[PDB]
Every structure is written in C-alpha cells, then in structure tokens.
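To keep things simple, chains are lettered A, B, C, D and E as they appear, and every chain counts its residues starting from 1.
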Amino acid sequence: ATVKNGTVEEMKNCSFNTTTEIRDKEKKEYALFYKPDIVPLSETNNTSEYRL
Amino acid sequence: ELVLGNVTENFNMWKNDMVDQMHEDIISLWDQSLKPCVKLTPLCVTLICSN
Amino acid sequence: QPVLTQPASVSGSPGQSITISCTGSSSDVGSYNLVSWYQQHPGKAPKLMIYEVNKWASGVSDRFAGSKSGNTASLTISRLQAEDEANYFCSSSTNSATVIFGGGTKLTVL
Amino acid sequence: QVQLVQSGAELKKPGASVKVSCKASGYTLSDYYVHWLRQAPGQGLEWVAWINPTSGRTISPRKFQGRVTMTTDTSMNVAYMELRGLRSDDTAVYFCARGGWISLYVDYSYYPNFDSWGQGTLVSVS
Amino acid sequence: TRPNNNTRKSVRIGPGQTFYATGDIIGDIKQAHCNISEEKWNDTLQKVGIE
C-alpha cells in the first residue's frame, strides 16, 4: 500500500504459510517485519512476493 | 563391612542429599539414552481411524 | 469499549466545596496519568479546563482543583461559585490507544 | 486566532452515507492530530477517532471500525470524516477538534488534551 | 528510545516449538533515536582535540 506522505518511516507487513498443529495441514499466518530483514524475492517482478 | 565398636552418630534421612545426587545422575543417564534413537515426526499427522 | 464513569448529576453550595469525580480501570486511568476535564455550555462547544491532572488550562480559576489517585480522579472544587452552571465532564486515555469520556455531571445551582 | 469551521448539517436515511468536513483556520493542519467527536441529544461526549493528517493513519475504538473512513487534503487544509451504514443514533452533533502537536520522536496521538473545537455539525436520521 | 509500541505475536512452527513475530503496533508510528547534550559533547570533543 505504501505510506508515501513523508514525516514517517514504517514497518512492512508480510504473510506466510506454516507447519501447524498437524504437519500436513499448512495454514495461513501474518507477521510484521522490519525492512532490512526482508528482501525482494526474484527478478520476476511480482512485487508482493518477498524473501527473508 | 566393619563395625565401629564405640560410637554414637546422628543421622537425618530426610535432610540427606545423596538421594538428590542419585536423582540427577539417573535422569542425566536416561537423557543420554534417548540421543541415538529415531525422533519419530512423520507420524504426528492426521490419522484416519475406523469407527 | 467506552467504560468511564462518574456521578451523573450532583449539586453544590455557594462558597463551600464540592467533589466531582470519575472512575475507570487500571488499564486507562491508572496506567496513564493523562487525564483532563471539560466544560461545555448547551448551544456552544467545550472548553479545556484541566489536562494531565493538574496542569493549569487557560482561564481556569484556582477554585478548580485537579487530583488523581489510583483508579479515580476529581475536580475537588473549592469556593464553588455560581457562574459555571453547565456540566463538567471527565476524560482519560486507554492503554489500547484510545480516548474515553465520562458520562458527564452537572454543576447544578449553586 | 483559531477556528475549526465545519460544514453544515444534513439529514440522511438510515443505512445511508455522509461526508463531514472540517476546515482549518489560523494554522496548518499538518501540525496537529485531528480528533473526531460526537454528542447525541441528552447523551455525553463520544470519542470516534483520530487521524494523523500527514500519513493518514487512523485509529477508532471498536464501535466505528468499518463505519468510519478518513481522508485529508492538506493543500486545501481541510479534514474529512465519512460515515456509512447509519442508524438512529447518528442524530448527534459531530465535533472536529485538533489534538496534540505532531512530533517525530514522541507519540501524542492518543490522549485527551483537545485545544480547540469545531462549532458543530449535525447528521440526522428519521 | 523506541517510541513504537511493538506487540509480540506467537506462532507455532513445527512440533512443540514456537516462533515469535511482531503483531500490530499500538498507537502512532514514530522514529527511533538517541540523544546527547551538545555543549557537553562539544567540550568533550575539544578536550580530545587539545590531546
């Protein structure tokens, strides 16, 4: 979404799939990550897809 | 075992800590016993069972 | 989520003292000392009369006490004159990052 | 000199929507957080939301989440607050007010130190 | 100071072990910083300078 208006520096919101209380029942989760810990994934420019 | 012919000595069974050395040593002994074996893992899945 | 409370209506006596209080939870009134008091006349807008318990708002006469204690606070008004006939609201901020108002109480004549 | 002149009143059907605007005067809106408040006839003052007019970041307690959407146009120097899905309760006098100074190093967004208030505008319902 | 109010979110990642992330941030977003008094820093730096 971006904030874009200045006077602010913020923390990016990301999501991933997890090995839950059952091993083979992968479910959805979300987490806030500080920007340096996250990088763009691939030259295939899907901007929503990021890498730890 | 040899008797101590002329003695008088106090014992306190509860306050003894030798049993604690036993307890810690036997637990550490068993903990090492579970190192080389297989740590299951694939079986903690959904199980389909008869009814 | 609004929870803050106070006696819904009371009366004073000229020249004497009155207690106008408000109460909440440790989450909102005790966790933060950030408390304030407001005066609004019907047909007009409010007017900041206390902030942060006892910082002196503009135009406030020394009658208007400001104190806090635990889950409570109050305008322990002293010398209690008559030219303030409208209400005296309370307010505080919750630890959930929100502002809360009281239910208002009237400084009745008096 | 300070004024927070709001727009006029306007009656709406229940379940309708209404845009309410608040005009700055004597100061630039980017200084302070803008708090939105309300007063129904015979009820007390109800806190609705704040907006950080620069980043447009907002928080509203529980009752108005989904109900209220927020914008500002600091070039025009005006603050807006929309309601959707109205009810009979919305017969009430909305007040816009400026809160604390916007500091980059201390969070003053969320505490009750309202400095000046709008005159008052009324959404109404039948 | 870190004026942001981060909240920790517990995630369960694999059998019997958990991962802790950051959930929603309470309040407004602010910048992290460190402060020093500049007259005392200037005096200290000049004192280094004469050495």
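Basically, a residue touches a chain if its C-beta (ideal position, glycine included) is under 8 Å from a C-beta of that chain, and two chains touch if they have at least 3 such contacts.
> Looking at every pair of chains, which has the largest contact count?
Top-ranked chain pair by contact count is C-D.
> Based only on mean CA positions, could you tell me how far subunit A sits from subunit C in angstrom?
46
> Rounded to the nearest whole Å, what is the centre-to-centre distance of subunit A and subunit D, using the mean of the C-alpha atoms as each centre?
So the centre of subunit A lies 33 Å away from the centre of subunit D.
> Find the geometric centre of each of subunit A and subunit B from their Cα atoms only, then give the gap between the two centres in Å, rounded to an integer.
46
> Can you give the whole-Å distance between the Cα centres of subunit A and subunit E?
Going by mean C-alpha positions, subunit A sits 21 Å from subunit E.
> Return the residues of subunit E touching two or more other chains; collapse runs of consecutive numbers into ranges.
Residues 5, 15, 27-29, 31.
> Counting only residues that touch at least two other chains, what does the list for subunit D look like?
As it turns out, subunit D has residues touching two or more other chains at 55, 57, 59, 104, 109-110.
> For subunit C, jot down the residues that touch at least 2 other chains.
Within subunit C, residues 96-97 contact more than one other chain.
> Can you work out from the touch definition every pair of chains that touches here?
A-B, A-D, A-E, C-D, C-E, D-E
> Could you pull out which subunit A residues touch subunit E in their complex?
8-11, 18-21, 23, 29, 31-33
> If we count contacts the way the header does, which residues on subunit D are in touch with subunit C in the complex?
Result: residues 35, 44-47, 50, 59, 61-63, 95, 109-115, 117-120 of subunit D touch subunit C.
> Using the touch definition from the top, list the residues of subunit E that touch subunit A in their complex.
Going through subunit E, the ones touching subunit A are 4, 6, 9, 11-15, 21-25, 29, 31.
> Spell out the part of subunit E that touches subunit D in their complex, as residue ranges.
Answer in residue numbers: 1, 3, 5, 27-31, 33.
> Residue numbers of subunit E touching subunit C in their complex, please.
Against subunit C, the touching part of subunit E is residues 5, 26-28.
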